[PDB]
Every structure is written in C-alpha cells, then in structure tokens.
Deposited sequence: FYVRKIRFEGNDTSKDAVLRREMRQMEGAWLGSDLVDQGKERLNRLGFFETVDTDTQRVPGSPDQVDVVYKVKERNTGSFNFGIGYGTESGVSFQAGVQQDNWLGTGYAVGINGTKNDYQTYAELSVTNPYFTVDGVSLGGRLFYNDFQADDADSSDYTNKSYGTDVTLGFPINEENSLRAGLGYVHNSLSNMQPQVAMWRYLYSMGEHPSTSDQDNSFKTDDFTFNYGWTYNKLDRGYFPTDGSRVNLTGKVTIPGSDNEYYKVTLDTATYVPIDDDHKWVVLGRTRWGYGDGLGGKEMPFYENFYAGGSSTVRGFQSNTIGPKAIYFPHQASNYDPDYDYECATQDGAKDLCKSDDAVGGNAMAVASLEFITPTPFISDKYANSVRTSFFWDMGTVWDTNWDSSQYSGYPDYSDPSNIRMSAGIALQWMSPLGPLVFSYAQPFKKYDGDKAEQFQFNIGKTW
C-alpha cells in the first residue's frame, strides 16, 4: 500500500503548508503506520487543536493507492464572565455573561450577557461578524431586555420595562479612532408613574393625558432609531492614564415611523497632561455633555433624561441629585395642593466638567507606587429642563446658570479584590433640594 494524498480535514484557521511540515510522510512512497502515528503526536505539539486522529482512506478504483486523512479540530475556547461589586447608590451589582467567537463556523461572534443592581436588571443576546473585508469592519445584532426602577436610582417614582433590537455597523477609522452607526427598535412599557408637572407635560405632549389621582397607570411606546458614535483614544496605558485624550460622541435620532419624536446627543472628553519626566504629577481634564429635545410636536421621553451628581459625574453629591426635582400633585411619602420635592427627575440638558490633579502617593516610597493613585479634584456640573414653563413660586428648572460644585480627595487602588475607588468631597456649592454624600466608594465591578 502507498500514500497518494495527505489531506487535512477541519483545517479552519491554521494554514495548509504549516501542518504539512509537522509530518514526515512522503506522497507516492510506501505507506507505513510508523510514519502516520508520528505525524499525529507532532500535530498535538503545536497545541492549536483539541482532538487529532488518523484515518487511512482507500482510493476508489485502486487496489494499491490510499489517501492519508488527518481529521483535526481547533480548540477555540469561548469567553466566560462573572462580576460582583458594591457602589454608593447602585448597591450590590451582578455582571455575569458568556461569549463565543467560533459559534458555529458562521463565522459570527455570539454572546449572552446580564446585569443586576438596585435599580436596573439588563440582559442581551449579541451577534456580530469581524473581518468582514479589509479591516475589522462589523455589522452587529443586539436583542435586549431591561428593567429600570426609578425609585431605587434616587429619581421620582416610575418603572420602565424595555425590549428592543440593534443593527450596528462598526467602521474602524484609525488605530486610535472608531466610528459606529446603526439602526434600532425599542419598546418601552412605562408603569406606576408618580404624578408630577415635569413628566405629565410629556404625557400631555404625546396625547396620552392620564389621571392625577394615584400611582397605578400605564403608557406603552414603540420606537425606531438611527444611532451614531465616535471614539478617539490616545491614552498611553489603559487603567491609570498619564498622557493622551479620549473623546466619546454618541447621539441617537428617532425615525418618522416611531411613536416618540425626539433626538439626543452626548459628548465625554478626558484629557491627561503630565507635568514632569516620570509622569508622577498629572492634570486630568474631564468634561461630560448632553442634549436632547422633542423633535417636533411633542417632548423627549423622561426615561431618556440626563442625570448628574455622584462618583462618575460630580462627587460630594449623592447619585442623580443635581438638577430638576419632582413637583407632585397629591402627597409625597409616608394635603390639597402641589408638592415640591427633593427627589430628582433629571433633565433634557446637562453639562459636567472636572479639573483633577494626580500626585504621587504620600508615605509610599516603593514599586507599589504604580498600584495606587492619589488625586485632588474640583468637580462642577448642572442639569436643566428646557421645557419647564415658569409662567410661578416653584423654582425655575429651565435655568442653566445655577452650576453646582465640590472639592475633594480621591484614592484608586488595584486591590486584591479588584479595582477599588473611594472619594471624599465637600459640596461647597449646592442648590435647592440637592442631597450630599461626602464619602463615596466603589469596589471591583
């Protein structure tokens, strides 16, 4: 018996000539099991396969010829994910999931994700194909479920169960630049809303005028959107930058087939300026911007509002407190006129800025220095409601000018339990109903 052809079945991503080198069986030359078995074990030495087996196939219409088939399977192990942590005004957060790129030689990248915290429960099904022509260009699919409990996020009472879809293109415009664009669908099921002037104005705008009696009432919507974005990143290191910037522009727009008629746009900038030779003293320039409104006829959805205050925006203020507050019709909590509250609602417009100064950590003169970052900050921000008709006795929520600020210290440490962050700030400039939260902490999400 003699070998005619040495075939490689399941040679998906590994090259043909590569696998031909790791086996010394000559074509045309006499077949020997000794040379077949040695090629299989050498293919395992490469370690790019889970299972390698030999199968000598007989040639059709030949009493002598035999084809040597090496049936191989590449071990593309999927990504497994799990996450636990704490944070002031977010509480105990659970972030677990699982993604697979090899599924099922399509060759799309499929994944199932999940999130659970005090106010939000999220779940998604992802499907996207990278390469996809010239560069890592993509067309993505997203099937999501979301449950938001406004009372638990420090806002005025309501509950919004969301179901929707995403069809997003991801053009990599540079090594440091990305540009995404997509289509969307979103079903929002608003329920148990607490009556106030700020959210009843949008329901009166949508033509769905409800009751002012008590909490129980529904409002289901269906929307189709065009999503766009851009991400610039020139940060020297990932998690503790010293030089470079990061810009994120992510705005959406409603299609004329949707129930809601609105547009919303956001901008987030981070600028790191090192003032030395060893990048020990650095100045961080962070800014966050947001704007949206009811594009013709009606007002923008209050679930799409902008919020400020807390660990990620303005420290010294409890989560979501900065900006407008709810003006209730009956009573507030556990009367025959309007009731102004301390409970935030957010706004269609917000501007946040922050000047931070990172210094070397005192008391630590070691190689443990690149683990902890000490910073002194000055945080500033405001959120307002464009459509708040002051034509009253209640505060002008349409006024941008009342910008609230804080000063404080910050500590970041790559702790044995994961990323640890704690801040302590004084809210030196506060306005009517703004709630303070001096010490704020966040552990490894």
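Stretches of the deposited sequence absent from the structure, as judged by C-alpha coordinates, are 335 to 349, 407 to 408, 463 to 464.
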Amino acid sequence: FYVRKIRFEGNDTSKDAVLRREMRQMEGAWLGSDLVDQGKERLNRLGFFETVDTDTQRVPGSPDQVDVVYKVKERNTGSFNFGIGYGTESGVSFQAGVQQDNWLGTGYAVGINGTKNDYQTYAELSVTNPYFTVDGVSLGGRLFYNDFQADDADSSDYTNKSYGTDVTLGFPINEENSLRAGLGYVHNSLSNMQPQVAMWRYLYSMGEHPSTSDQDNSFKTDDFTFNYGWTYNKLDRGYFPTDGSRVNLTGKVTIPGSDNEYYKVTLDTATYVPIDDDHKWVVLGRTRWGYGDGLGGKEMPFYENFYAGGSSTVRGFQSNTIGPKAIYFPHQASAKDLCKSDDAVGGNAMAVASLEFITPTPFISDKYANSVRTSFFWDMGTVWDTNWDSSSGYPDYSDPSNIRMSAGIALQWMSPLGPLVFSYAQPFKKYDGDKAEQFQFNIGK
From here on, numbers count along this sequence of modelled residues.
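The PDB entry reports B-factors from which the mean C-alpha value can be compared for 209 to 217 and 169 to 177; the larger average falls on 209 to 217. Stretch comparison (397 to 405 versus 26 to 34) by mean CA B-factor in the PDB entry places 26 to 34 on top.
The entry lists C-alpha B-factors for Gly316, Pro330, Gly244, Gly292, and the highest of these is at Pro330. Of the candidates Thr374, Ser90, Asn227, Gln100, the one whose C-alpha carries the top B factor in the deposited record is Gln100. Among the modelled residues of the chain, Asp157 sits in the middle third by CA temperature factor in this PDB entry. Among the modelled residues of its chain, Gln412 has a C-alpha B-factor that falls in the lowest third, as given in the PDB entry.
Per-chain ranking of the deposited C-alpha B factor places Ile255 in the middle third.
Ranked by C-alpha B-factor against the other modelled residues of its chain, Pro301 falls in the middle third. When the modelled residues of the chain are ordered by C-alpha B-factor, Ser62 sits in the highest third.
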